[PDB]
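Encoded as structure tokens, the following chain is the form deposited without this ligand, with no partner shown.
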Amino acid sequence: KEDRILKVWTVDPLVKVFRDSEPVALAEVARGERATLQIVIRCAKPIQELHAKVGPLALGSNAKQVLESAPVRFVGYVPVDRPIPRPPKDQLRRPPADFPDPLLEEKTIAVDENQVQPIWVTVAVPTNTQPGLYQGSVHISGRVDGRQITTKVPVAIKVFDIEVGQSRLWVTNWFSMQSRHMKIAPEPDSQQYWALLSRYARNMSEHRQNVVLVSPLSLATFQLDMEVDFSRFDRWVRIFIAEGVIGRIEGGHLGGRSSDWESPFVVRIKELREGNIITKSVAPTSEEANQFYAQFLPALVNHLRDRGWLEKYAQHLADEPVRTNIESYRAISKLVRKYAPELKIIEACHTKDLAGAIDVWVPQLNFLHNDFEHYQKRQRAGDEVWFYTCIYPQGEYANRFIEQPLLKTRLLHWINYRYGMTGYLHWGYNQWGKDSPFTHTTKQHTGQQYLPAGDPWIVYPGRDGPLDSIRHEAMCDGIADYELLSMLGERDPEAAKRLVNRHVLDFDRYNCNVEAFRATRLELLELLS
């Protein structure tokens, strides 16, 4: 006894806890938000069978009014072996190091001696929850050198009388339908395939994603005697509607680069060749491109209109146009404008010189900063402007890299509010490679640069569906923050400016002080309640 005492403390969930962190639970939320509590343990001896149970979280005026807690999850660690090449000053530690990120879904875990272990508690608070102060405890148990150890940790959730429903922010995370590294491996069109697709869709809507990228080329079949069959595309759309994502439908890219970074764009077509439908890439000004798109685009518009989906849809042309391939990009736009004038066009862009060619602009964050007057004008002209991050920007800009403070993920959506950008895009929902994402955090193809840890995936492969990361949680919370700030700004625009300006000081400069952030959140909640 003494070496068996369990050290327990509570840490703000915006603070990343490392295996060697030193010791230091209340959450404050609107109805409609998710409350997170992070409870951290350490023991001088190994622990077997660590388990936590959330007791009833009850209203003091009425023990009958209880919040429903999700199953408890354990914070998992991943080896970040190589760093962001241009890191921020506030980089949490220098690689190589083990960082907290995946939220594991295990009933029990082992802890090695002297290793700090976070326990992550999520309480989703429905909009119809009665406001007030909910209290209870988390019962932690396990076995240390024979003996059963146990402790209860007091926790409290204050539920403010303000309702956050759907966030008006548009959010897309590009998703690949794949079961790599899972304990299941469904084939396409199997029941389990569609069940997994549903589980992914639910995970996305539970994290306030309300846009999904679906390809009308890849998920259609063609007969070319043209007849287009959209039945697989439709199954996807109905799943994403039913699980509460759609929202909007983001049509997959029609084309891409012919070769290298500055090469011209080509567009995919379908052709009948020797009895088979083949796909090939052609110049957008070609007769082959004109013949295909003159039939495919009207078929797509008719289909969407007939299904009541046309006003929810926007079509991608080709990703990340730059100044040197602008002509071929615009030639793709001309095809769409000609055969499908009713279709809205969306693009993740670098070049700004696309007025009339696209309707939903998605500049990379640093390009938005640099070309801000351009993008404000496009909004005045009636276009939508969102933004993205990826491998870039690095430096001091906000992003969702594992090396960054977790507030840099959450404050992405404060950048949306401050600057009036009405959506956010990211390529990297679940782009796992052939190596495990748990043990190989810096994805890399041979002869090209590695991706910083955090960039290609924000969820991890569980046994039969996605596991969240702590960054997925922070992203969801930021999307709810944007809705709160938007509700405030309708009543009191000056108070919403003051609050956002506390944390978003410029495009590339923030206040990530977690205590300051909590005091801002509380003022927001108090002003709105």
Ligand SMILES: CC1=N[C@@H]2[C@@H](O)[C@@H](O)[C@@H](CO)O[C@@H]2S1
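Start at 1 with the first residue shown and count on from there. The term rigid core refers to the maximal set of C-alpha atoms that superpose within 1.5 Å between the two forms. Only residues modelled in both forms are compared.
What comes next is about the form solved in complex with this ligand, which is not displayed.
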{"item": "Partner-contacting position among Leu310, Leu196, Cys390, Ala357 - heavy atom within 4.5 Å of this ligand in the bound PDB entry", "value": "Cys390"}
{"item": "Sole residue of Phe222, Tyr339, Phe230, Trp174 within 4.5 Å of this ligand in the bound PDB entry, by heavy atom", "value": "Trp174"}
{"item": "4.5 angstroms heavy atom contact with this ligand in the bound PDB entry for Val78", "value": "no"}
{"item": "Contact label in the bound PDB entry: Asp383 to this ligand, heavy atom within 4.5 Å", "value": "no"}
{"item": "Contact label in the bound PDB entry: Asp455 to this ligand, heavy atom within 4.5 Å", "value": "yes"}
{"item": "Partner contact for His445 in the bound PDB entry: this ligand, 4.5 angstroms, heavy atom", "value": "yes"}
{"item": "Whether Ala35, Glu106 and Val123 all lie within 4.5 angstroms of this ligand in the bound PDB entry by heavy atom", "value": "no"}
{"item": "Proximity to this ligand in the bound PDB entry (heavy atom, within 4.5 Å), stretch among 183-191, 68-76, 276-284, 317-325", "value": "317-325"}
{"item": "Heavy atom within 4.5 Å of this ligand in the bound PDB entry - qualifying residues of 424-456", "value": "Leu425, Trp427, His445, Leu451, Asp455"}
{"item": "Flagged residue of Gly308, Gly447, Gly146, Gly275 - C-alpha shift reaching 2 Å or more between the shown form and the other one, core superposed", "value": "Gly447"}
{"item": "Moved runs of 3+ residues, each with a C-alpha displacement of 2 angstroms or more between the shown form and the other one on the rigid core", "value": "445-448"}
